[PDB]
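Scroll down for the structure; my scribbles are underneath it.
2 protein chains.
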Amino acid sequence: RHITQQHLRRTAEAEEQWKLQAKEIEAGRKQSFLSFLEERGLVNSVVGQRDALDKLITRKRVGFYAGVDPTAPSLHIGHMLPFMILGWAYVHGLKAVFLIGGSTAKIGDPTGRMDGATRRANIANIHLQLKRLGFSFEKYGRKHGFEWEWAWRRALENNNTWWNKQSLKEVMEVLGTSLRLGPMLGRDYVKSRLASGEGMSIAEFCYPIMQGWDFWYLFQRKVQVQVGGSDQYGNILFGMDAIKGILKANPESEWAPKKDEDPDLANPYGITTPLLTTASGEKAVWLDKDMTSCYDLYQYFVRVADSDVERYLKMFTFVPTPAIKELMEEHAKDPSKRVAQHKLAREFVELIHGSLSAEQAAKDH
Amino acid sequence: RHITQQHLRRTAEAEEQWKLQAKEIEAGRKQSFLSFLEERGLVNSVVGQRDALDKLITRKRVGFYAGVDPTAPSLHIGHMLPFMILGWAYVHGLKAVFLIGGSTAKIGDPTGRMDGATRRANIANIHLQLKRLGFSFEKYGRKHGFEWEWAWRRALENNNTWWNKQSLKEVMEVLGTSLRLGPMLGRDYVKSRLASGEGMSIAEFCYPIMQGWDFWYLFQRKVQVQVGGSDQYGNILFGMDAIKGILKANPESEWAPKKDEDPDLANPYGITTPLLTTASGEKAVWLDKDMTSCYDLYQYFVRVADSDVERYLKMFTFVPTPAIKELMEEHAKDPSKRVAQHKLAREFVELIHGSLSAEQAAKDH
Ligand SMILES: N[C@@H](Cc1ccc(O)cc1)C(=O)O
Ligand SMILES: N[C@@H](Cc1ccc(O)cc1)C(=O)O
């Protein structure tokens, strides 16, 4: 009854806070969120106009989301950089949505290229890991630290929440009529797999459509930025162009920027993170304690190159940048003792497995 | 309660009648249904092995269906040949399904290449025309004539009965994973429209998938033969190969031919009718009295070439073939008087607009 009143008031107050903060940033006194992500090295590139996205985040309490296909029994450190971004986003009052690809995983992302019983277990375990990684980001966040507010928004979703019932009709009418075949047949892996004679299924060919429709679904629900690994660039761009195509064809839409509104504030954007390598190829260190014990995880992060510990510290921890600047000189004193590698490992193992587990692994090694 | 008992008994009796009739045909004493359709010139070609389809129809009380996309405010004589087949099928105890393309028409069949308000009216009017064309086939049938039985089955469907809710997920999993992209990109109009730079939408590209899924939906419901115009050959073959692909990948399926069962009795088949021309191109004579009065329709069929009145009589009427053989000699007496053209016109105008209207138009002209 009157709860809509309280909630609406709170919303207004949040908007005020964001407008003041926006005056701070845009006048120069405070650093924008995108600039910060860059100084942490979590931004491999922006899908869309970079300054337009900085403008969006500064002017608007928007939402971010990253998706993982449960094609692994557990997460590994490779997935963490998008989530790091989400983490940051969350503790900065922006909405963070962790998405599990329940339906998309049954097809498999054909970039850059299984049984159900296994896949269901994978879904369950990763769902647990992200459910606890949320609260973990809250704890770890309020320690460095960020004051938890009522405006903070966190969400864990599984896309088959809507693919269990999403009509093919609606997808074809709303989105299918906007997408053009030629451009899609221009995609890299489509050219590759058609040239090789290996080919594809129609299901595989329609994967980026399904992912774009996840993006659209979350777009109607205040999520405007999609975050992913570098490899996902193509899928993210495709998403944006998809949503735009919808708006450009339903200009009367509840989400289309009707003049005189700034289009940069209504459009979708993307962020791609760097790619981690084991001095050779991509990434395998799990986050399931039963596959990678806390001692083994810690052990992995201890043995990080002296050349890399800076970027790694900026990307995999919440420690302030100045504390890193000083810690790196204090490390330069005697690099023999892994001064930085140890802070890194302890920080991350805490972020993943808890503070007690982290200090246990630390005292051990 | 006990109504399932009565119905099941009736079903058994029908199966008996069909088995006896099948002994008649296969021993030679009676003509098969496919052979009959051929002697009427309604069979331009068979999609699948012809003798296998003859075998199917002879051994099994299967179902037929033809689809029309409401992209015209009314039907025209061009649509009639598939329906003629259906008509025959119906009056022979086989199931006949007339399908309106409520959803497919919103996309438009891209072979061999609009607003909603109009399209809805089109749907309504064609729905009326087919609803009355069914009862019309019953009347006209029991006049030549065929004894109406309890086993006779007739149906009028609109595919958005299931596209209003059909999940994209189910289509992709069941069918999308079987379809291969390369072959589809080999389709004629896809090569044509990609070469020209005109291109397509994804919705257009997925049209034959939707139509194949209509075929699959009706396939689960005892309909095994799809009938269409010659132009629809590609769409029908694609349908068959689609259904087969489903069965070949779900061999445990309720509809897959598990040995030792004859696959020819479990597979889908197609029939394509000839194409009508106005001595130049395709077909425009409507069946709506408000667009083509009974006098105008009759007038069209009166002026048919003497060279063509035989095939036209075999295809557009239920008159027995011998009655045509004699009527064509009685016509050869004095071709000046349109002896055959008149029987043709009267017959068809009766089949479409009623007996009284037919005799009115006849006495007029
Ligand atoms: N494509 C991502 C998973 C994903 C699933 C759904 C999305 O909406 C986005 C991303 C991967 O393979 O890791
Ligand atoms: N393709 C047909 C219409 C149709 C629609 C649905 C079907 O399942 C079959 C046919 C036409 O254009 O005339």
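Respectively, the protein sequence lines represent chains A and A'. A prime marks a further copy of an entry chain.
For reference, each letter of the first sequence is one residue, going 50 to 162, 169 to 338, 346 to 427 in PDB author numbering.
For reference, each letter of the second sequence is one residue, going 50 to 162, 169 to 338, 346 to 427 in PDB author numbering.
Ideal placement from N, C-alpha and C gives every residue a C-beta, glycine not left out.
Inter-residue spacing [alpha-carbon to alpha-carbon] between residue i and residue j
i                   : j                 : result
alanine 154/A'      : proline 329/A'    : 23 Å
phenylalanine 293/A : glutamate 62/A'   : 59 Å
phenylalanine 82/A' : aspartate 118/A'  : 27 Å
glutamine 275/A     : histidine 199/A   : 33 Å
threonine 333/A'    : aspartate 296/A'  : 34 Å
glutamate 409/A'    : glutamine 221/A   : 49 Å
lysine 109/A        : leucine 320/A     : 8 Å
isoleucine 106/A'   : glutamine 266/A'  : 23 Å
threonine 160/A     : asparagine 213/A  : 21 Å
residue 167/A       : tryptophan 218/A' : Note on chain A: numbering goes from 162 to 169 directly, and residue 167/A within that interval has no coordinates.
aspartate 170/A'    : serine 398/A'     : 48 Å
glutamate 421/A'    : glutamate 412/A'  : 8 Å
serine 419/A        : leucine 102/A     : 38 Å
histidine 393/A'    : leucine 406/A'    : 12 Å
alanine 423/A'      : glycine 416/A'    : 11 Å
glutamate 64/A'     : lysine 351/A'     : 41 Å
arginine 208/A      : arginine 248/A    : 41 Å
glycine 252/A'      : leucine 240/A'    : 15 Å
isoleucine 74/A'    : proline 238/A     : 55 Å
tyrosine 362/A      : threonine 379/A   : 15 Å
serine 256/A        : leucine 236/A'    : 6 Å
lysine 104/A'       : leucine 302/A'    : 20 Å
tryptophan 67/A'    : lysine 299/A      : 59 Å
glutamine 279/A     : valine 111/A      : 6 Å
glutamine 70/A      : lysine 79/A       : 8 Å
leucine 135/A       : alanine 304/A'    : 41 Å
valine 92/A         : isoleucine 156/A  : 28 Å
Selected residue, minimal CA-CA separation from residue i, among the options
i                  : options                                    : result
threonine 60/A     : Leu292/A, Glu204/A, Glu212/A               : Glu204/A
residue 341/A'     : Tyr374/A', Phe147/A', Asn322/A'            : Along chain A', the last residue before the gap is 338 and the first after it is 346, so residue 341/A' carries no coordinates.
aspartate 426/A    : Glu88/A, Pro382/A, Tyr357/A                : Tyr357/A
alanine 258/A      : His393/A, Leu185/A, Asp158/A, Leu413/A     : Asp158/A
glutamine 287/A'   : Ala172/A', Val96/A', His51/A', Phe201/A'   : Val96/A'
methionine 133/A'  : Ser123/A', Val146/A', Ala121/A'            : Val146/A'
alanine 206/A'     : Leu130/A', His393/A', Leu57/A', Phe380/A'  : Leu57/A'
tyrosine 114/A     : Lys104/A, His125/A, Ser123/A, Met129/A     : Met129/A
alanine 346/A'     : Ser256/A', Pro122/A', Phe260/A', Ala394/A' : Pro122/A'
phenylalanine 85/A : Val381/A, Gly300/A, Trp310/A               : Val381/A
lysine 376/A       : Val111/A, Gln66/A, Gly90/A                 : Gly90/A
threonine 354/A'   : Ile126/A', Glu87/A', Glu64/A', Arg162/A'   : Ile126/A'
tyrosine 374/A     : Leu331/A, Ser335/A, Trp348/A               : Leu331/A
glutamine 281/A'   : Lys79/A', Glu87/A', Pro131/A'              : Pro131/A'
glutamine 184/A    : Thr173/A, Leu148/A, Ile156/A               : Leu148/A
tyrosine 262/A     : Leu359/A', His404/A', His51/A', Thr232/A'  : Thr232/A'
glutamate 337/A    : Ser285/A, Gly254/A, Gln55/A                : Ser285/A
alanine 210/A      : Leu223/A, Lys186/A, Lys224/A               : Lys186/A
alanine 385/A'     : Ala402/A', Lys395/A', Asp396/A'            : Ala402/A'
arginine 400/A'    : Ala76/A', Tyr360/A', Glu88/A'              : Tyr360/A'
Cβ-heavy atom distance, residue i to ligand 4, below 7 Å
i                : result
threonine 153/A' : Looking at this structure, you won't find ligand 4 anywhere; what it does contain is ligand 1 and ligand 2.
Beta bridge counterpart(s) of residue i as assigned by DSSP
i                : result
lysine 144/A     : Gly112/A
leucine 211/A    : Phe147/A
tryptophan 348/A : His125/A
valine 95/A      : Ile326/A
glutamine 281/A' : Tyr114/A', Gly325/A'
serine 222/A     : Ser222/A'
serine 256/A     : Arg235/A'
_Check whether the stretch 233-246 of chain A and the stretch 269-282 of chain A' are in contact - that is, three or more C-beta pairs closer than 8 Å._
By the Cβ rule, the stretch 233-246 of chain A does not count as touching the stretch 269-282 of chain A', because fewer than three pairs are nearer than 8 Å.
*Tell me, please, whether the stretch 313-320 of chain A' touches the stretch 377-391 of chain A' by the rule of three or more beta-carbon pairs shorter than 8 Å.*
As far as the Cβ criterion goes, the stretch 313-320 of chain A' does not touch the stretch 377-391 of chain A', which means the pair count is below three.
*Could you tell me whether the stretch 224-238 of chain A touches the stretch 139-157 of chain A', where touching means 3 or more Cβ pairs closer than 8 Å?*
yes
_Measuring CB atoms only, is the stretch 190-200 of chain A' touching the stretch 182-195 of chain A, in the sense that at least three cross pairs come out at less than 8 Å?_
no
*If we count Cβ pairs, one from each stretch, closer than 8 Å, do we get three or more for the stretch 131-143 of chain A' versus the stretch 355-372 of chain A'?*
no
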